[PDB]
RNA sequence: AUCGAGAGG
Ligand SMILES: [Mg+2]
Ligand SMILES: [Zn+2]
Ligand SMILES: [Zn+2]
Ligand SMILES: [Zn+2]
């Protein structure tokens, strides 16, 4: 198809995609996992101002949870980082503002969910700031539960951010990396009481590659261009978009280096 | 006692310490708020006016800043609130209290303060985070470990004070300890383990890692080393990059066990010109002990190169280990089933022997032992039985332990772990001892309420068969708790007693300093020592060397050191000396050689008199072997050519060198005699190390090389002389004090109690004894 | 526990018995006719011993020591010396009861060395924790409370009586043992 | 004590400068340089007083005489230039 | 700029040692009583087979930063399968009329003894060891 | 600190991409040194990591009760049935390189406790501060902005080093420097001096 | 809190050292460290 | 106090699971690990955050104020 | 308190040059480039692509401390070749490979039906 | 005691020797007994050695005992430090303690002695004694605040 | 301030 790296997806899902990376240097794949973890932009609440708190949970606690709450970021490239924007505090294009009030009307403790949070700022026809709920009930992630006689009343400002700045902005939770599953490269030396094969289970990624034969000598020149990877999405950004944004973000970083050289 | 000896001091800070690989050994990581709060008064100079104006503009909030400005009148100008804060323009003679900046001298101190090594000058590097950052190598003299440890920083306020701190108290200067004649700082923990693993011949480094490690050495030659293996693939041994880290021109040889030139064990090290030929890097090579690479680097070039070497070794080794990794694990403690069966069998055989001895005691068919009660003999035999059982079990464990075992890797590196740790973890923790005894029956005839009465078995008396992995029984756990309780109480008591003892020693010896006449004297002038240390030489730069004249066969000593020009066999072979054919006969030269031989024989008799043991190695001023090695590598003599050097000139030059070294300058016959007494053993060493026969046999020294060796020996001895004014008594007291803290516990008073009796000069003695010969 | 002679006339046995434990367990579940520890003391199945009284008694750690013992053994199990005692007056209810509350917190201290256990007891007094549920109502001079207290993954049996699992003071952090970056 | 003059020829104090002597000389020269003292050595890219003091010591320009003292009190005065630095 | 020495060496025994990747080789000059050698080699790069006869060659040449082969136009110095670079730790004489040379190649060590070589061999830090199958 | 006597400070804080990662992607919240353990000789910490891994996979709480006999081999057998290594060593990859770590690293869940002591409360820095009147010396404690006290042992250490002027500056300029007027005839502060 | 509530204090032969009579009544390992180690015990 | 939003080690959301997890273990009398498998959290870093956590907030709620 | 802000790691401040180029001393064609506010992620790939180029003799990444996100790369190239040109060609190659991978992955996902 | 001695060849060879160990010390009578070497006999207690043989022998035995404790540690302290302490006790004819009874009771100095122990008693006896302090002592200078005659402070620097 | 207690290395 295309000269250079080739990708064969083993498994597809909304949450996760498992793929096989071929004709790739390891350094680029490591850099891609790192740009996927850290650099990809996301929308999470950066400011919380609460008027009334009757919750047993402290305000700082709830604010940290709210920052950890997932918000949609597919159109986050249309959204702008507030520091790049000229508004004094926030404009409608750079910040998405959520309001949430929850009282304990019921004697039974009343749960507070991400679906209860609502947006006051204008959508401008972009899929930004929607609370993310994978729960089958549709009930949002619970911030607090409030006994009768308790009301909580707060506003939240969500700005563009990156996971290097704070872990809440990470689109992906875990990235699975595998290379040299058969240990032909012998990058790792097995610690074995009696036998290494008995002591270390064969990975699922060994069986795809052809098993090594004990007859042939080890090749010093050989380097592994085939890797087995898996990407898991929180849901704020779809998996294909998450990995594509990792690729693109690394490309923008490289281009920024190049244009800095041109300015020099 | 409190306020005058020790004051609460301005410009003093305190912080929790953490360890940073990248920060240089002399540097200290000073928190930004600490530097901002701390002020150094700097008089405004024509060079610094621009910088100081910029600092004042930047302000107290942001460093580089200045908190206060002192006028020529001296009225305080406060930067935080001033109507002229932006108005001021610097005027000469003013003082700016600058914020503490990078590469500025301070003092870093640990509260036990047993040693001068606990208080050392440090370069400042301002760090972002809150904890004091320091190098790992400086932990050992500071006696600190990163478990909430807290250390103090003191800032000089005067330029003379700064110069004192930099010229005397600097970390590279105090690298070598005066006491124990060894450097204080060595490569510790992961750097030592990693340098060992890198130095293994199995370990090989690819060109990408090689280039990154080359770059990692802050000063790199720029030349990629030629690969150890080229044609199959350009493989590089870790020893080669490590050698690129080793400074050029320094040569070390260490012979341990079977240090064959082939060295299949790879034990020992050979380095020439800072390039390692053979070896696996071990703790002693990189250790604080003398004969280590640190001492050689400190002596040959200086302290600064040594500290830089610490840094470079740390960086390269930490990068390589970072890629390789390391993990102690459960399984490194676990042991094979077969070895475990042998372990249990060993313990069982010990128990069977103990029960048979107990039966023989019950039968009263036990031989009378002179000077001890028969019960005492029984107790000693059972205790020794259990001790041997535990030790043999540990030996079985270690042999069972693979080369991959990480505790074994630390022990081979020497960084951590002990044989006893492995034995307790895998086979048997041992037999608990309380008050120097097996566990006693608190209940009448029963050590524990579960135990039956009158049981003298090791399980009743507290021997723990089980390892730490298998787990202690409740009785074993209680007895081990008794032992640990005694350990903690003894530790606290030892700390208190040693603090008092150190203070008494310091107060008794403090006033005595080497005066300008080189006589060790108190303030009143009463001479403690006419020549300090009886040789008049600084305790630093003194390394143990072997005197070849002492010991050995008289015939062998004659063969190595005697050359007779008259006998054909005795005269040197003409390949050794161009004069040699002319030398045959030459009776007037033979009489000079006979005179030097008579001097060697008298010196041998004297040294045999000094030590009945006649131990070869004793602390000595100048290491001759290193000088000879440096000469051989500097002049690159093939040793095929006959020596340029006259047979007369070796003897006359050695005599001239003896005349050249004076501990005391004065031309007083008493002072001359005392000087000869001071350098008597050194002269013996010099004559033994370089005999005419030896000078031509051990090497083909060019006459220029022998002259260079003579000049270097003279210079080194003059370096080794004690600096006048040095406060010797405080150093002596601290020298006793820190090891005295370190000591932890055939029936004689020992350790702190024995020391306390010695210091109190008390008539009563807990354990008097006469050694009848 | 008290060991007396020939329960069911067979062999010197513990005074307690499985049906008594079943009734006590039924009372614990109902939380009928109460079965209490004080009731056990009135039954005489258990006795309180002072140290002076302790000198005169003979104790067995494990109730399995008393039953008659007329082979293959897993190597990992710690070696136990045979009690080899005819008569035991009493049996210790559990060895772990000699340990303290802080020692009851300590995991596998039998496998650990004792001085480290002492250090950990002191540190556990020092460690942060939610002291009480009413802390928010309370006004203490200094209060430190974990955001997300996590019950320990490895718990002593004594912990269910310690209520440490109910009110934990530490977090089950994922720990790796490695030499990485030299920090 | 009084007129405890020592002949310059008949001096038994060590020719080499004591490390304390060098430390105090460097500190005093740097302290004076910080207080706008004249500098007798040509300087290249040096602003720190202590660097100038060290360079002056290598140049032996400092006109200071260390007075060696003895337990009796006789004083042996050595110029910085006379003393070897090594 | 020419080879110092060439021979055919038949190895009776190879000892793996503690190391797996590196084994020591005990060989002697084939049909010559005079030369015997013990050399540390890596078996993964080239596997020494027991009872092999392998061609041994030491060459002085064919500072300067090592350059990866800039192109194929730069010609490989040797047909030999194995080449190492290293410096001699010692030049000794076993007994009168018997010289020995101890060369270290990357910490790996080789000792080979024989009279005629000492006129060839010099105290040169440079050495290239060339093993042919 | 850990539940087995191991105490220590946080050397550094690392982002997840920088920290070593297993094939599962699990990044340890905490990274410790292998070297602390052999001298401390606390096998129970390692056993706790193994048991907690077994408990996390099984969903059944593990018992670490003293004097209860549990086989390390049995716990390792359960880990083997889970597929995780019996020793619990996990193949890791270096975070910066993406390269596989040469040695497998022990990866476990360990109960860890946050100690009361925190650095920012501990830090104190005084250049100039309030002084007790009679001592004319720095007050004591952070709360009073009070200076550290140089020890008598510290003064002795400085005598050993030999810096007289530094000890004079710390001894006088840093604390209770004072100027007095005294008379020549009697060595007492009898003289009362008016300077204007 | 619990440990403070169960406290022993011995005001001041060998009181600090753990004793056989302590078994079953006092924790073997709970004690202050450094100063007053074993004088104070936990039940 | 309350259910964490995400597991600290990797960051998968665990706030959504808690109510469902309790309902599963009560409804099927399920083993806790089996309920974790139904939750879809297969990594012990995700499992520990659910299993180790105790809701202190319920007891805090029981207080009248 | 003293700890630096997170933001400083990804934005350049006080007009910091993203790349500072200084000729290396004692090496003829080498040059040290200080990437500022840059991390290991970019640097490892840049060095690997520089190693792939035949003309580059030397390339390596070093960071002086983990606290500060500065990445230092020294480049040695064949004579007649600009090290800066080598770096730019390696960077452009990086971008082309990433684009090709993105297209192939997108095609495979369009084939995937989940 | 497995002593080593010169051989007839001159090489050092170890010959086992018989040695007796006594729980008690009566040096004067023990040394004047047949069947023993008078020169070789040694006492655990140094004071009896000093009274029987002289002060210098006592100093040697004192250094040996301190060496024994440092070897029980396994630590090595250089000969000069321990030697200096032994000489400070030995130069005074009576063997002097490191405690206040002894070195503090010694006349030299006035404020160092009070700094160690019995501060007020020394000051009172000094006022009654009218002793004049030279102020040479380092501790006395530290009390004075004047720079002590430390190595750096010892020499006096003047202009040319 | 003092005294006391506790805790840290
Ligand atoms: Mg500590
Ligand atoms: Zn805006
Ligand atoms: Zn007067
Ligand atoms: Zn997770």
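Throughout, chain B uses Swiss-Prot numbering, with the displayed residues spanning 337-1081, 1092-1119 in order.
Note that Cβ sites are derived from N, Cα and C of the backbone, with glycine treated the same way.
These come from Swiss-Prot:
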| type | residues | note |
| --- | --- | --- |
| BINDING | B:481, B:483 | Mg(2+) 2 binding site |
| BINDING | B:481, B:483, B:485 | Mg(2+) 1 binding site |
| CROSSLNK | B:695 | ubiquitin cross-link |
| REGION | B:810-822 | region 'Bridging helix' |
I'm trying to understand the geometry here, so how far is the Cα atom of residue B:483 (Mg(2+) 2 binding site) from the Cα atom of residue B:695 (ubiquitin cross-link), in Å to the nearest whole number? 51
Using DSSP, how many residues in the region 'Bridging helix' (B:810-822) fall into helix, strand and coil? 13 helix, 0 strand, 0 coil
Which of B:481, B:483, B:485, B:695 (recorded positions) reach within a Cβ distance of under 8 Å of chain D? none
Reduced to three states, what secondary structure does DSSP give residue B:485 (Mg(2+) 1 binding site)? coil
Ranking the binding-site residues B:483, B:485 by other Cβ atoms within 10 Å, which is at the bottom? B:483
Give me the Cα-Cα distance between residue B:485 (Mg(2+) 1 binding site) and the residue listed as 'ubiquitin cross-link', rounded to a whole Å. 54
Name the residues of the same chain, 6+ apart in sequence, whose Cβ is under 8 Å from the Cβ of residue B:481 (Mg(2+) 2 binding site)? B:475
Tell me which residues of the chain lie with their Cβ under 8 angstroms from that of the residue listed as 'ubiquitin cross-link', as long as they are six or more apart in sequence? none
